[PDB]
Amino acid sequence: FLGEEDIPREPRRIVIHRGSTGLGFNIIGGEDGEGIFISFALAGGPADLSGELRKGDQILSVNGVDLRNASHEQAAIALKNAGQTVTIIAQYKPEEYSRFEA
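Note that UniProt numbering has the sequence shown beginning at 301, numbered continuously upward.
Laid out in structure tokens, this is it:
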């Protein structure tokens, strides 16, 4: 899509239960959707058990709509109206999320 570089872990859509009950997981971002990524997983949640998503992973798109430039709250809007299932793309990005945790 762009070129050849580090980070072999390619993006993949993870299956999650009805977003309505997707509270187990959290979302963190900045302004003007500078970069929204997964915050942390809560054990017992639907996305935690059904999905293998964890802290550090980056979100590219949800249920279709891309959240690459979606604000912090803007992302929640997509998850809220997720429905029965929301396809979220995950990709190894410890440095990207590391920006938040300092």
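C-beta atoms are modelled at their ideal positions from N, C-alpha and C, and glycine is treated no differently.
Residue environment, residue i, which counts as buried when at least 16 other CB atoms sit within 10 Å
| i | result |
| --- | --- |
| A343 | exposed |
| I307 | exposed |
Cross-strand partners of residue i (DSSP beta bridge)
| i | result |
| --- | --- |
| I327 | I338 |
| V365 | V362 |
| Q391 | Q358 |
| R313 | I389 |
Contacts around residue i, its chain only, beta-carbon distance under 6 Å, and the 5 residues preceding and following it disregarded
| i | result |
| --- | --- |
| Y397 | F337, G356 |
| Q358 | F337, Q391, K393, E396 |
Proximal residues to residue i (C-beta, below 8 Å), its chain only, five neighbours per side dropped
| i | result |
| --- | --- |
| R312 | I389, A390, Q391 |
Close-in-space but distant-in-sequence residues of the same chain around residue i (CB under 7 Å, 5 per side omitted)
| i | result |
| --- | --- |
| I316 | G322, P346, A347, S350, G351, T385, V386, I388 |
| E331 | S371 |
Touching by the beta-carbon criterion (3+ pairs, under 8 Å), the region 347-355 and the region 368-381 = no
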